[PDB]
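This report concerns only the one structure given below.
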Amino acid sequence: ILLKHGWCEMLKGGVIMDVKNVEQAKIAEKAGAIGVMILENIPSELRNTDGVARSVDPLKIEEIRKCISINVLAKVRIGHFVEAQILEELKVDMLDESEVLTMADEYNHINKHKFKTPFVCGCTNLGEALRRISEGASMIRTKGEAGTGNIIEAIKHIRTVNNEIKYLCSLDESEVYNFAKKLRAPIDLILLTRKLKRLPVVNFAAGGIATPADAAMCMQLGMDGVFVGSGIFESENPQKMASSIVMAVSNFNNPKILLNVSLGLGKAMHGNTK
Amino acid sequence: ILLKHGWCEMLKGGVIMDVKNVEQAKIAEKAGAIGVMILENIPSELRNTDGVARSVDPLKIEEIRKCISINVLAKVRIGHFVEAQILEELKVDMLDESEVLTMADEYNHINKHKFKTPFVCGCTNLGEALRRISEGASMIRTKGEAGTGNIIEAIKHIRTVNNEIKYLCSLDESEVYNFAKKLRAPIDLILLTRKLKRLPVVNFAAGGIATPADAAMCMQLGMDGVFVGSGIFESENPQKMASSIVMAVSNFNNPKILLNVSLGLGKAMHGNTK
Amino acid sequence: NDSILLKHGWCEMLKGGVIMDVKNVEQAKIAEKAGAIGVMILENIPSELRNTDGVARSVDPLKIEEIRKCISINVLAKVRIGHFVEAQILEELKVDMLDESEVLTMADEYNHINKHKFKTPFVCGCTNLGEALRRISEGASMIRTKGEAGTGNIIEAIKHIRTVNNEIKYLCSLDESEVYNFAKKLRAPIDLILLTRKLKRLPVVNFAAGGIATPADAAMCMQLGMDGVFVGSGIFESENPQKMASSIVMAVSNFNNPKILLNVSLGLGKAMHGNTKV
Amino acid sequence: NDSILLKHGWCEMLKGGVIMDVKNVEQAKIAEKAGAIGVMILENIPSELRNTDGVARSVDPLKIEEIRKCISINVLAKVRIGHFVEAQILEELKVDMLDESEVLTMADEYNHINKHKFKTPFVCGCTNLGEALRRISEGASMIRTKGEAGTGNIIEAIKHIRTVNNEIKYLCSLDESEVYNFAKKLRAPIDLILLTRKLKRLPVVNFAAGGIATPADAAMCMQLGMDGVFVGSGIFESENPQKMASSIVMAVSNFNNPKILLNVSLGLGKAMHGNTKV
Amino acid sequence: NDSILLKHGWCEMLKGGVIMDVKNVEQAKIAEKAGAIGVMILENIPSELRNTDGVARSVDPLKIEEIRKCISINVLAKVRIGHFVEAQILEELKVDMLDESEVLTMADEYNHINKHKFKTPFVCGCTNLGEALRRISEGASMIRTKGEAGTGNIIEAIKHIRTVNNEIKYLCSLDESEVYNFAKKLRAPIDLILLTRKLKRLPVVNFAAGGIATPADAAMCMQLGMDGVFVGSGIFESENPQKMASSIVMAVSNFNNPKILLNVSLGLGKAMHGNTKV
Ligand SMILES: *C[C@@H](O)[C@@H](O)[C@@H](O)COP(=O)(O)O
Ligand SMILES: *C[C@@H](O)[C@@H](O)[C@@H](O)COP(=O)(O)O
Ligand SMILES: *C[C@@H](O)[C@@H](O)[C@@H](O)COP(=O)(O)O
Ligand SMILES: *C[C@H](O)[C@@H](O)[C@@H](O)COP(=O)(O)O
Ligand SMILES: *C[C@H](O)[C@@H](O)[C@@H](O)COP(=O)(O)O
């Protein structure tokens with residue numbers, strides 16, 4: 001039912017961070033992250049490599065879980081219901097069926113209704129978000145452009161979803177059906193979304209967040225929170241970058257604080273344009 | 001709710017006939033039609049004309065209704081909710097939001113949930129049928145190729161819907177979501193359709209039915225009934241054509257009867273290939 | 001500003017009304033007898049102008065003289081797009097309103113009339129919000145849809161109604177920072193975009209126009225939130241012009257009443273045949 | 001198997017024969033008087049169906065009744081491709097054979113009739129070996145060429161004859177391992193391909209059909225190894241139908257005899273004008 | 001028929017099993033120690049063959065001799081597509097099964113091996129139902145998916161599994177009359193299509209093959225209804241081949257048990273890096 005949602009609700013105002021190990025995960029707990037996202041590799045280092053990126057060894061997760069007390073999350077390949085089965089069995093707080101890993105099924109996503117473990121999925125537009133939720137995702141995030149340290153695609157996606165909801169809310173009761181068709185989304189979720197003027201699940205920004213300014217910007221555009229990986233551990237000073245981002249996120253409307261935690265941060269991740 | 005469906009159920013095994021007047025409508029009652037479909041013009045005569053085809057003068061309907069006792073049905077232009085409002089007010093047994101009339105709205109169909117009067121809509125494939133029902137249609141029909149007297153498009157549509165339901169029923173629980181997207185149909189009706197191995201409403205053949213053999217063929221392919229217009233009143237002998245088609249439809253698996261009522265029928269409508 | 005407010009004051013009184021195209025006195029009295037709030041005087045009705053390749057210009061002023069003294073409702077006329085001199089003449093003839101219309105043959109392909117230089121209010125057509133706002137920016141006091149004039153087919157008018165109406169609602173939802181690129185996209189003047197946003201509607205009276213053949217068509221345009229209707233071809237190319245005219249007016253006045261709408265469609269006669277082009 | 005063998009037994013008796021299209025009793029007796037082994041009953045002959053855009057369906061059964069009691073030779077009829085119900089009716093009327101024909105307007109664009117569900121034997125058309133074998137796979141008991149029906153032009157029938165006949169000889173030459181990819185290429189059922197290979201011919205009677213206008217045309221089809229001929233338009237649109245009909249039959253019976261072939265072409269009259277399309 | 005039934009009897013015993021590619025004795029014992037039901041003997045594993053432009057042929061028979069006397073499980077080998085002579089040699093060497101494989105360099109681009117001429121059973125690859133049925137029609141006793149061999153990426157195998165599995169279910173739903181055009185569309189032999197339809201599955205054992213890098217991948221293929229798995233590159237290019245091999249087998253034997261599946265993935269080591277091509 002919706003204890004899944006209930007669980008996700010506690011994430012509002014939070015930062016989840018990608019970690020490949022214990023020190024990284026400890027740094028994250030010390031920063032005030034509400035959760036870590038455990039990966040073999042963090043997206044920036046997965047970008048010049050043509051290997052098959054799979055969900056992480058479950059031993060790696062246990063090692064890390066016992067050394068921190070915040071929520072523990074992991075990635076699964078799109079469509080790989082067995083990697084999910086294994087991790088659900090292991091008990092994780094949340095699964096991210098993620099495009100950063102190598103797709104396991106080119107046409108079907110995981111039937112997320114078959115799990116007690118809640119799922120987060122990626123999205124770049126309203127129809128896609130609503131399709132992920134129809135399959136049972138409990139939470140959404142933008143895809144951005146993982147590991148590039150460039151906020152632009154994240155911003156595009158945040159606004160695309162927002163503007164489509166606005167167009168949706170501008171439509172009269174009869175116009176919503178043809179819209180549903182165009183979006184290729186289920187009418188029932190389209191109508192609920194219209195009812196709320198937002199997505200019916202929690203909705204985080206993700207991909208390319210490199211500075212506290214980026215994190216706060218996503219928040220000011222109405223996101224419920226943020227995922228950050230590359231931006232922390234590719235930066236000059238990861239603990240301090242991690243800490244500032246969480247502060248930015250907790251105080252996104254406070255320029256005094258945004259200034260303060262932005263001072264003296266060191267070099268952000270170089271990132272990659274193109 | 002579903003007294004709408006309930007009403008439609010009584011149509012199973014029936015023939016509805018297009019009439020532009022009283023004699024034609026009387027001929028239809030005498031043939032054993034369960035209903036007439038009242039039009040300014042019948043589709044064959046609407047095909048070499050470039051006029052705007054609208055729903056019929058409501059006086060014409062009253063004139064005809066009082067002179068017969070079978071069900072009375074009329075056409076409305078696609079998207080013309082006011083022509084519907086007027087006819088719902090007049091009390092008709094059923095509305096056909098029909099492609100044979102001149103579309104009034106190029107993007108939106110009538111919000112059929114706003115009416116007590118039940119609606120029939122056209123279709124050529126499963127997704128389209130399910131979109132019409134999502135908008136509140138209580139009954140579906142194929143579009144065929146109205147007024148051409150050629151059964152081929154009707155047959156295509158009957159089988160397209162059937163084969164898509166079969167593909168739908170061949171899919172596992174996770175595969176149904178991507179299918180829904182491809183069909184651009186609402187998941188909830190897709191799942192109900194899958195649950196039944198047929199459309200969730202009554203489903204008639206329509207367009208191009210010219211002989212008892214055609215009518216029975218549609219029936220043998222699993223339709224619940226038939227609409228015929230041009231095939232009757234463009235034929236050499238309309239009363240006898242009307243009578244035979246109803247017999248064919250009531251006895252579609254009976255070759256002895258199909259033969260009998262096909263004998264001596266006169267020339268069917270010339271029709272139009274191309 | 002005061003001349004703009006003055007013209008807007010005037011146009012408000014058209015709200016809820018029907019304006020009928022006419023060629024002659026005979027037709028204008030049919031219109032007044034029907035309850036039209038005004039007539040729009042034409043050399044030819046749009047259904048006739050589709051059937052010729054002639055140049056279509058504003059009416060001889062004599063015909064506005066002749067008609068106007070036989071009726072007491074508002075008198076309007078069409079001028080060709082960009083033809084500021086045709087307007088100067090009718091401004092001098094004193095007429096209640098001008099329609100710079102795409103139904104006549106354009107006179108200037110790049111410039112509409114600078115409508116600010118006239119005390120007579122203008123109505124212009126639009127198919128979307130930016131176009132409307134551009135027309136209003138040039139001084140139009142009123143807007144109508146274009147639809148497909150003279151075809152008796154409602155489909156384009158309905159598209160145009162919905163497009164503007166959705167664009168207006170969407171614009172109102174945008175954050176104030178997003179309104180600049182949207183203005184660019186619509187190629188509309190920001191300040192008229194900010195005004196629509198503050199009003200939550202078009203800043204002028206806005207009528208449905210094009211292809212209205214029945215009371216159902218008129219009432220539909222009203223149910224989609226229009227303030228009124230223009231009807232040309234659908235009256236005088238129908239079987240019974242008088243009764244078609246009167247029932248359109250009742251439909252516009254009573255657009256949310258099925259009973260009346262039914263009542264006035266009964267035995268109405270054959271509507272304009274129309275043209276659903278080949 | 002036994003029903004298949006039973007139908008094949010029946011079709012053999014057509015070998016060496018001519019089957020003539022007819023519309024009426026008058027024509028059917030001309031056919032019987034000519035020595036045709038059967039008539040094929042039609043609402044319209046193919047030359048007439050090229051000159052209309054009408055939907056072309058199987059004949060009223062009454063007309064099969066009327067004709068059949070005036071003649072003693074075989075009675076056949078056409079059903080539309082995929083129209084299994086038209087077939088059910090004629091199966092019930094009892095007729096000697098059905099032709100699921102491309103000359104009538106297709107009823108189903110993806111599926112032919114499941115011919116196995118009928119005791120009446122079917123003939124179908126083909127333009128190549130795979131098509132034939134597919135038709136036989138669906139239960140056809142007999143095959144004919146399509147040619148160009150009703151044009152009076154022999155050129156397509158000859159292509160179709162040669163294509164199948166060469167494909168059959170080539171198939172027989174292939175090594176057994178090569179027969180699988182060839183089956184794929186022809187999109188034919190392997191087992192009917194292995195059967196043709198073991199028989200060194202089509203597994204069914206195979207007639208020439210389409211555009212046969214003279215005894216020379218019929219005899220040519222026979223010299224290319226066909227078992228028989230269908231002729232529609234070439235008889236009753238010729239100058240002297242009776243004499244054209246009788247001389248075709250003699251030509252088919254005597255297809256390797258120049259003297260007779262000469263003899264029956266003499267003073268035959270003007271053959272169908274035909275249509276060598278623009 | 002009896003030789004076919006005899007071969008099918010044999011292939012059944014592979015059900016539930018894992019077959020592992022090997023190059024040498026050392027690897028084959030790792031496979032036997034892991035519980036593989038057989039090894040597939042190769043000059044090079046597929047991950048190595050992607051990294052060269054060499055011609056890839058069946059293994060030197062000496063290497064089948066050497067390996068076979070050091071293990072007691074089934075011994076299989078690859079022959080090049082269409083290379084019936086390579087098969088004749090291995091048939092003469094007596095090996096438990098042959099794989100006519102697309103991983104080796106094709107020997108004939110138009111013809112696969114006529115597998116009926118061998119007592120040794122063959123396995124072939126497929127990416128859809130028609131292909132499978134064609135392979136079985138040529139005498140394959142067993143089928144596997146192709147997937148993307150040597151890439152360690154499961155995505156193509158999963159597509160291939162689903163396609164065949166859906167096509168099989170759909171075929172079973174079709175009415176008997178629709179089965180002919182579907183056979184044409186798949187370019188498959190009708191009689192093997194009718195057989196799949198009567199069995200409601202492929203008429204042969206059917207394994208998953210290509211890109212299986214983890215126990216999760218193997219178990220997924222089994223949950224999608226496959227009867228078994230082949231694994232090449234994913235074992236011996238992983239960190240700990242022995243433990244990866246044993247845990248794959250347990251996953252295949254216990255594919256519906258999360259607890260075990262978890263248990264055998266724990267601390268497994270780094271799986272083959274793989275290649276998600278540029
Ligand atoms: C300008 C005026 O004639 C409008 O009515 C025009 O756009 C549509 O008129 P009609 O009713 O003749 O289509
Ligand atoms: C079906 C039958 O009419 C055949 O003869 C046809 O394919 C050719 O007939 P025609 O001799 O009229 O060309
Ligand atoms: C032929 C055999 O090597 C199959 O495994 C091949 O198609 C896939 O192997 P891999 O596991 O190396 O991808
Ligand atoms: C998938 C992961 O949770 C998410 O962080 C990525 O999409 C973006 O991470 P960055 O490395 O871009 O911060
Ligand atoms: C719309 C109407 O109900 C339906 O009859 C048409 O689509 C087909 O009628 P025919 O004239 O083809 O019989």
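We label chains A, B, ... in the order they appear in the structure tokens, count residues from 1 in each chain, and number ligands from 1 in the order shown.
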
Return as a PyMOL selection string the residues of protein, DNA or RNA that approach ligand 4 to within 7 Å, with only C-alpha atoms and all ligand atoms taken into account. chain A and resi 18+37+42-44+96+98-100+143-149+206-209+227-231

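Those residues in stretch 170-260 of chain D carrying a DSSP assignment of strand (DSSP E or B), computed from the backbone, are residues 205, 206, 207, 208, 209, 228, 229, 230 and 231 of chain D.
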
Selection to disk with N, CA and C atoms, as a PDB file, in the first residue's frame:
ATOM      1  N   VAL D 205      -3.108 -30.799 -59.519  1.00  0.00           N
ATOM      2  CA  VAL D 205      -3.414 -30.350 -60.868  1.00  0.00           C
ATOM      3  C   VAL D 205      -3.126 -28.828 -60.951  1.00  0.00           C
ATOM      4  N   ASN D 206      -2.644 -28.375 -62.097  1.00  0.00           N
ATOM      5  CA  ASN D 206      -2.169 -27.009 -62.247  1.00  0.00           C
ATOM      6  C   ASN D 206      -2.595 -26.472 -63.622  1.00  0.00           C
ATOM      7  N   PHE D 207      -3.522 -25.519 -63.650  1.00  0.00           N
ATOM      8  CA  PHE D 207      -4.078 -24.971 -64.893  1.00  0.00           C
ATOM      9  C   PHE D 207      -3.497 -23.594 -65.233  1.00  0.00           C
ATOM     10  N   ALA D 208      -3.570 -23.260 -66.516  1.00  0.00           N
ATOM     11  CA  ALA D 208      -3.256 -21.957 -67.025  1.00  0.00           C
ATOM     12  C   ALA D 208      -4.503 -21.104 -66.943  1.00  0.00           C
ATOM     13  N   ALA D 209      -4.362 -19.837 -66.611  1.00  0.00           N
ATOM     14  CA  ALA D 209      -5.527 -18.980 -66.442  1.00  0.00           C
ATOM     15  C   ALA D 209      -5.084 -17.550 -66.602  1.00  0.00           C
ATOM     16  N   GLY D 228      -4.251 -28.005 -68.139  1.00  0.00           N
ATOM     17  CA  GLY D 228      -5.539 -27.482 -68.499  1.00  0.00           C
ATOM     18  C   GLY D 228      -5.556 -25.973 -68.487  1.00  0.00           C
ATOM     19  N   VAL D 229      -6.717 -25.444 -68.839  1.00  0.00           N
ATOM     20  CA  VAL D 229      -6.900 -24.016 -69.022  1.00  0.00           C
ATOM     21  C   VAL D 229      -8.257 -23.543 -68.482  1.00  0.00           C
ATOM     22  N   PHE D 230      -8.270 -22.326 -67.935  1.00  0.00           N
ATOM     23  CA  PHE D 230      -9.472 -21.533 -67.690  1.00  0.00           C
ATOM     24  C   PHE D 230      -9.466 -20.393 -68.655  1.00  0.00           C
ATOM     25  N   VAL D 231     -10.642 -20.068 -69.168  1.00  0.00           N
ATOM     26  CA  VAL D 231     -10.835 -19.019 -70.138  1.00  0.00           C
ATOM     27  C   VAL D 231     -12.124 -18.314 -69.713  1.00  0.00           C
TER      28      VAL D 231
END

Would you name the residues within 10 Å of ligand 1, counting only C-alpha atoms and all ligand atoms, and put them as a count of residues only? 56

What is the distance between atom CA of residue B:87 and atom CA of residue B:2, in Å to one decimal?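 Between atom CA of residue B:87 and atom CA of residue B:2 the gap works out to 20.4 Å.
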
Please indicate the distance in Å from atom CA of residue D:29 to atom CA of residue D:17, rounded to one decimal place.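 The value is 16.3 Å.
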
Residues of chain A were defined as contacting chain C if any atom lay at most 8 Å from it, counting only C-alpha atoms; please report them as a list in words.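 Written out as asked, the residues are residues 163, 166, 167, 169, 170 and 171 of chain A.
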
Grab the residues selected above and save them as a PDB file, in the first residue's frame with N, CA, C and O atoms.
ATOM      1  N   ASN A 163       6.506  22.368 -16.110  1.00  0.00           N
ATOM      2  CA  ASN A 163       5.716  23.067 -17.118  1.00  0.00           C
ATOM      3  C   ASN A 163       4.639  22.165 -17.699  1.00  0.00           C
ATOM      4  O   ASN A 163       3.537  22.632 -17.995  1.00  0.00           O
ATOM      5  N   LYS A 166       1.908  22.174 -15.334  1.00  0.00           N
ATOM      6  CA  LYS A 166       1.187  23.420 -15.525  1.00  0.00           C
ATOM      7  C   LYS A 166       0.266  23.370 -16.737  1.00  0.00           C
ATOM      8  O   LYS A 166      -0.860  23.830 -16.660  1.00  0.00           O
ATOM      9  N   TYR A 167       0.736  22.789 -17.840  1.00  0.00           N
ATOM     10  CA  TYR A 167      -0.108  22.634 -19.038  1.00  0.00           C
ATOM     11  C   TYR A 167      -1.246  21.701 -18.739  1.00  0.00           C
ATOM     12  O   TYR A 167      -2.376  22.005 -19.048  1.00  0.00           O
ATOM     13  N   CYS A 169      -2.571  21.298 -15.854  1.00  0.00           N
ATOM     14  CA  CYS A 169      -3.536  21.994 -14.981  1.00  0.00           C
ATOM     15  C   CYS A 169      -4.303  23.107 -15.688  1.00  0.00           C
ATOM     16  O   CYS A 169      -5.301  23.612 -15.184  1.00  0.00           O
ATOM     17  N   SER A 170      -3.851  23.442 -16.890  1.00  0.00           N
ATOM     18  CA  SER A 170      -4.476  24.477 -17.685  1.00  0.00           C
ATOM     19  C   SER A 170      -5.608  23.926 -18.547  1.00  0.00           C
ATOM     20  O   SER A 170      -6.345  24.688 -19.155  1.00  0.00           O
ATOM     21  N   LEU A 171      -5.748  22.603 -18.570  1.00  0.00           N
ATOM     22  CA  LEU A 171      -6.608  21.894 -19.526  1.00  0.00           C
ATOM     23  C   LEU A 171      -7.950  21.670 -18.892  1.00  0.00           C
ATOM     24  O   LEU A 171      -8.025  21.448 -17.704  1.00  0.00           O
TER      25      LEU A 171
END

Grab the atom CA of residue C:26 to atom CA of residue C:242 distance for me, in Å with one decimal place.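 Computing the Euclidean distance for atom CA of residue C:26 and atom CA of residue C:242 yields 10.8 Å.
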
At a cut-off of 9 Å, list the chain A residues touching chain B, using only C-alpha atoms, as a list in words.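 Written out as asked, the residues are residues 107, 108, 109, 110, 111, 112, 131, 134, 135, 173, 174, 175, 176, 177, 178, 180, 181, 182, 183, 184, 185, 186, 187 and 188 of chain A.
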
8 Å contact set for residue C:118, only C-alpha atoms, chain neighbours under 3 positions out, as a ChimeraX atom specification: /C:88,91,115,121

Those same residues, written as a PDB file, in the first residue's frame with N, CA and C atoms?
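Output saved as part04.pdb:
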ATOM      1  N   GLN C  88      -9.713  54.978 -42.979  1.00  0.00           N
ATOM      2  CA  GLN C  88      -9.873  56.429 -42.845  1.00  0.00           C
ATOM      3  C   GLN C  88     -11.226  56.849 -43.407  1.00  0.00           C
ATOM      4  N   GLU C  91     -13.954  55.646 -41.141  1.00  0.00           N
ATOM      5  CA  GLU C  91     -13.848  56.384 -39.889  1.00  0.00           C
ATOM      6  C   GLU C  91     -14.604  57.695 -40.084  1.00  0.00           C
ATOM      7  N   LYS C 115      -3.984  50.697 -35.504  1.00  0.00           N
ATOM      8  CA  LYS C 115      -5.345  50.922 -35.079  1.00  0.00           C
ATOM      9  C   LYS C 115      -5.474  52.020 -34.038  1.00  0.00           C
ATOM     10  N   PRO C 121     -13.413  51.699 -32.888  1.00  0.00           N
ATOM     11  CA  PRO C 121     -12.757  50.506 -32.401  1.00  0.00           C
ATOM     12  C   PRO C 121     -12.635  49.489 -33.495  1.00  0.00           C
TER      13      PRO C 121
END

Could the residues of chain D within 8 Å of chain E, counting only C-alpha atoms, be given as number ranges by chain, please? D: 110-111, 113-114, 134, 137-138, 177-178, 180-181, 184, 187-191

Hey, what's within 9 Å of residue A:234 if we count only C-alpha atoms and toss same-chain stuff fewer than 6 positions away? As a list in words, please? residues 44, 268, 269, 270 and 271 of chain A

Residue list (alpha helix (DSSP H), DSSP) for stretch 9-218 of chain E, as a ChimeraX atom specification: /E:9-12,25-34,46-49,61-68,84-93,129-137,155-173,179-186,190-199,215-218

Go ahead and save the residues from that selection, with C-alpha atoms, as a tab-separated table (two decimals), in the first residue's frame.
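Dumped everything to again_2.tsv:
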chain	number	residue	atom	x	y	z
E	9	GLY	CA	15.53	-38.06	-24.74
E	10	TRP	CA	19.21	-37.33	-24.46
E	11	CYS	CA	18.84	-33.53	-24.35
E	12	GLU	CA	16.25	-33.61	-21.56
E	25	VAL	CA	42.07	-29.10	-18.59
E	26	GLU	CA	42.57	-26.69	-15.70
E	27	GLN	CA	39.33	-24.89	-16.63
E	28	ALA	CA	37.39	-28.07	-17.28
E	29	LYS	CA	38.07	-29.39	-13.74
E	30	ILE	CA	36.99	-26.02	-12.33
E	31	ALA	CA	33.77	-26.63	-14.29
E	32	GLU	CA	33.29	-30.19	-13.03
E	33	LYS	CA	34.13	-29.11	-9.49
E	34	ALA	CA	31.48	-26.39	-9.87
E	46	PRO	CA	34.11	-15.43	-26.73
E	47	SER	CA	35.45	-12.41	-24.79
E	48	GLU	CA	38.88	-13.16	-26.37
E	49	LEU	CA	37.42	-13.64	-29.89
E	61	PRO	CA	40.47	-32.54	-31.73
E	62	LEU	CA	43.56	-33.42	-29.65
E	63	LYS	CA	42.34	-30.88	-27.10
E	64	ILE	CA	38.99	-32.69	-26.82
E	65	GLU	CA	40.86	-35.96	-26.28
E	66	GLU	CA	43.07	-34.39	-23.55
E	67	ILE	CA	40.27	-32.66	-21.72
E	68	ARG	CA	37.75	-35.51	-21.99
E	84	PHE	CA	29.51	-29.92	-42.27
E	85	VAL	CA	33.01	-31.36	-42.56
E	86	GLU	CA	34.16	-29.97	-39.20
E	87	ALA	CA	31.06	-31.70	-37.80
E	88	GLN	CA	31.90	-34.99	-39.59
E	89	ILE	CA	35.26	-34.99	-37.83
E	90	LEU	CA	33.89	-34.38	-34.37
E	91	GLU	CA	31.09	-36.87	-35.08
E	92	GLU	CA	33.89	-39.31	-35.70
E	93	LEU	CA	35.69	-38.16	-32.57
E	129	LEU	CA	10.81	-18.20	-32.96
E	130	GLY	CA	11.16	-18.54	-36.72
E	131	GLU	CA	14.91	-18.78	-36.57
E	132	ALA	CA	14.66	-21.46	-33.84
E	133	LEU	CA	12.14	-23.40	-35.83
E	134	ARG	CA	14.25	-23.17	-38.95
E	135	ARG	CA	17.27	-24.48	-36.99
E	136	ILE	CA	15.15	-27.34	-35.60
E	137	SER	CA	13.78	-27.95	-39.03
E	155	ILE	CA	20.48	-7.32	-22.37
E	156	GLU	CA	20.27	-9.14	-25.72
E	157	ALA	CA	19.77	-12.59	-24.16
E	158	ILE	CA	16.80	-11.20	-22.24
E	159	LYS	CA	15.28	-9.72	-25.43
E	160	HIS	CA	15.72	-13.05	-27.19
E	161	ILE	CA	14.20	-15.01	-24.34
E	162	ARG	CA	11.14	-12.74	-24.19
E	163	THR	CA	10.63	-12.57	-27.96
E	164	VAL	CA	10.52	-16.32	-28.39
E	165	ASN	CA	8.50	-16.82	-25.27
E	166	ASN	CA	5.86	-14.23	-26.30
E	167	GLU	CA	5.80	-15.45	-29.90
E	168	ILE	CA	5.15	-18.97	-28.62
E	169	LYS	CA	2.26	-17.84	-26.40
E	170	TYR	CA	0.77	-15.71	-29.19
E	171	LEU	CA	1.04	-18.47	-31.76
E	172	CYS	CA	-0.96	-20.67	-29.31
E	173	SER	CA	-3.72	-18.04	-29.13
E	179	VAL	CA	-1.51	-19.88	-38.49
E	180	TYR	CA	-0.59	-20.03	-42.21
E	181	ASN	CA	0.12	-16.30	-42.74
E	182	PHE	CA	1.91	-16.21	-39.39
E	183	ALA	CA	4.11	-19.13	-40.59
E	184	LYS	CA	4.78	-17.06	-43.72
E	185	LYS	CA	5.60	-14.01	-41.60
E	186	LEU	CA	8.03	-16.00	-39.42
E	190	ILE	CA	4.05	-24.86	-40.72
E	191	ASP	CA	4.40	-28.33	-39.22
E	192	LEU	CA	6.86	-27.23	-36.56
E	193	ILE	CA	4.53	-24.28	-35.93
E	194	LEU	CA	1.60	-26.67	-35.46
E	195	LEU	CA	3.82	-28.78	-33.13
E	196	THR	CA	4.83	-25.82	-30.89
E	197	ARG	CA	1.16	-24.95	-30.80
E	198	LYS	CA	0.14	-28.45	-29.64
E	199	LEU	CA	3.01	-28.54	-27.04
E	215	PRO	CA	24.16	-15.53	-10.52
E	216	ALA	CA	21.49	-12.79	-10.77
E	217	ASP	CA	21.83	-12.97	-14.59
E	218	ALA	CA	21.54	-16.76	-14.69
